[PDB]
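**Student:** below you'll find the sequence and an experimental structure to go with it.
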Amino acid sequence: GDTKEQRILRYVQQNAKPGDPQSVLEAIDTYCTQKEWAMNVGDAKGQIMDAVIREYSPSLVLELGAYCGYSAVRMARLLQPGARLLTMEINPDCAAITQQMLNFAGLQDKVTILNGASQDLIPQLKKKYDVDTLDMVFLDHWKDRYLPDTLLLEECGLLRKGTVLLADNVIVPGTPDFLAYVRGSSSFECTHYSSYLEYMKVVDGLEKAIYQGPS
Ligand SMILES: Cc1nc(C)c(-c2cc(C(C)(C)c3ccccc3)n[nH]2)s1
Ligand code: NA
Ligand code: NA
């Protein structure tokens with residue numbers, strides 16, 4: 001049976017160029033804006049993500065909620081040799097799509113895909129995936145999970161001073177609990193990056209929260 005996610009992957013494989021991550025991004029953004037709507041960060045927000053990666057040049061990045069691999073491709077393509085992306089995806093079919101997307105783009109050796117729930121996998125990073133601390137975390141999974149997974153990252157000792165959290169959809173549909181906590185806590189230095197959801201004709205935004213150390 002055909003699914004939307006399989007259709008996205010097929011469109012990329014037909015029209016993008018293997019080993020060319022930029023063509024893969026353009027293909028997905030074309031597909032989602034012109035052929036069939038899908039959950040997608042999109043190019044406007046993508047350029048903010050690009051800027052953050054280039055500013056902090058993280059060596060170890062954790063992504064929560066890979067879906068079809070658009071953001072994994074977006075970030076992994078800007079990573080240096082020896083840098084790693086760890087990405088978590090709760091849905092097995094989407095995890096498979098993400099793998100094929102990264103393989104097509106030529107980035108499969110920079111990325112480890114973890115199939116499971118954030119709250120189960122996050123406490124295993126130190127022991128099983130040889131993580132000390134994370135340089136960057138991109139949050140784009142279930143919205144009611146942003147605040148508790150941030151708290152769990154902190155108590156698992158995965159954040160250090162200077163670790164960048166970047167969270168999507170904090171306005172639409174909105175994560176006001178997360179926002180209240182990080183903006184109000186002295187442990188996080190926060191900035192907001194507005195971006196228009198053109199298809200929905202409403203403004204959304206990404207929050208950047210830089211860990212400052214425990215309170
Ligand atoms: C507690 C959770 N841990 C993770 C890693 C979660 C996750 C969410 C997601 C998307 C693609 C956004 C998703 C998945 C299923 C339904 C709706 C939406 N992928 N991974 S959820
Ligand atoms: Na999103
Ligand atoms: Na703060």
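**Tutor:** Perfect, thanks for sending it. Residues are numbered from 1 along each chain as shown. Ligands and ions are numbered 1, 2, ... in the order given.

**Student:** can you name the residue of the chain nearest to ligand 2?
**Tutor:** Nearest residue of the chain to ligand 2, counting by Cβ to the ion: residue 168, 4.0 Å away. Heads up, the C-betas are built off the backbone N, CA and C, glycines and all.

**Student:** just confirm that residue contacts residue 45, I think it does.
**Tutor:** Yes - if you go by Cβ atoms under 8 Å, residue 168 and residue 45 touch, sitting 6.6 Å apart.

**Student:** higher neighbour count, these two?
**Tutor:** Applying other Cβ atoms under 10 Å to residue 168 and residue 45 shows that residue 168 carries more neighbours, namely 27 against 23.

**Student:** quickly list what's touching both of residue 168 and residue 45.
**Tutor:** 204, 206 (Cβ atoms under 8 Å, 6 or more residues apart in numbering).

**Student:** show me what the residue of the chain found nearest ligand 3 bridges to in the sheet.
**Tutor:** The nearest approach of the chain to ligand 3 comes at residue 188, 4.2 Å away (Cβ to the ion). On the basis of DSSP bridges, residue 188 is bridged to residue 211.

**Student:** please state the backbone phi and psi of the residue of the chain closest to ligand 2?
**Tutor:** The phi and psi values for residue 168, taken as degrees, to the nearest 10, are phi -100, psi 160.

**Student:** which residues are contacting the helix or strand harbouring residue 45?
**Tutor:** Assigned by DSSP states H and E, residue 45 belongs to helix 42-56. With contacts defined as Cβ under 8 Å, 6+ apart, helix 42-56 is touched by 25, 29, 32-33, 41, 71, 74-75, 78-79, 135-136, 138, 162, 164, 166, 168, 193, 195-196, 198, 204, 206, 208.

**Student:** residue ranges of the strands in this protein, please?
**Tutor:** Here the chain has its strands, by DSSP state E, at 60-64, 84-89, 111-115, 134-139, 159-167, 188-197, 202-211.

**Student:** give me whichever of these is most buried.
**Tutor:** Of all the strands of the chain, strand 60-64 has the most neighbours on average by mean count of other Cβ atoms under 10 Å, namely a mean of 26.

**Student:** near ligand 2, anything from that strand?
**Tutor:** No - Strand 60-64 lies apart from ligand 2 when judged by Cβ under 5 Å from the ion; the minimum separation is 10.7 Å.

**Student:** taking strand 134-139 as reference, get the angle to that strand.
**Tutor:** With axes from the mean of the first three to the mean of the last three Cα atoms, to 10 degrees applied, the angle from strand 60-64 to strand 134-139 works out at 20 degrees.

**Student:** check the offset of strand 60-64 from the chain's centre.
**Tutor:** A distance of 7 Å separates the centroid of the chain from that of strand 60-64, by Cα atoms, centre = their mean, to the nearest Å.
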